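*Asks:* pasting the sequence and an experimental structure:
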Amino acid sequence: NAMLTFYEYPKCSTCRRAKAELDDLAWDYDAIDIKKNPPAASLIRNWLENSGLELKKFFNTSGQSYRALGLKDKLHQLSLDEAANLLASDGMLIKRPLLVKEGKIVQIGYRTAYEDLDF
Ligand code: NA
């Protein structure tokens, strides 16, 4: 089982770019469909608590689920247990792609090349 877990979705242009880079680097990874098999709530909670990243960075703010639910108004009210439950309940709510190493979040989205992580 690969040290790297790559969460993606078919209709996701950034995911396709990121996966192409993983292939070019020949890094071992396990690709998981974030809608069919989202990360567990306990795992998401650990990221929310320990990554140092702000809560909103974990949400797919350009997606329908986020808009339809008005999370814009609600996010500042959520506890991290509440947010982890929410995210775990609908993979379409979660920012993608995600790159995870041995259970630890190492990159959300694809603003910078994975090679910079220097694994
Ligand atoms: Na990523």
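*Replies:* That came through fine. Numbers count the residues shown, from 1 in each chain.

*Asks:* near the ion, which residues of this structure show up?
*Replies:* Counting by CB under 5 Å from the ion, the residues of the chain close to the ion are 97, 99, 107. (C-beta placed from N, C-alpha, C; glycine too.)

*Asks:* in strands, which of these fall?
*Replies:* The strands, defined by DSSP state E, take in 99, 107 from the residues of the chain next to the ion.

*Asks:* so for this protein, the centremost residue is which one?
*Replies:* residue 98 (3.6 Å; CA atoms, centre = their mean).

*Asks:* quick check, it in contact with residue 104.
*Replies:* No: contact criterion CB atoms under 8 Å: residue 98 and residue 104 do not qualify, at 11.1 Å.

*Asks:* and the residues of the chain next to the ion as JSON lines, adding distance to residue 24 and neighbour count?
*Replies:* Formatted as JSON lines, the residues of the chain next to the ion follow (distance: CB to CB, whole Å; neighbours: other CB atoms under 10 Å):
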{"residue": "97", "distance to residue 24": "15", "neighbour count": "24"}
{"residue": "99", "distance to residue 24": "15", "neighbour count": "23"}
{"residue": "107", "distance to residue 24": "16", "neighbour count": "18"}
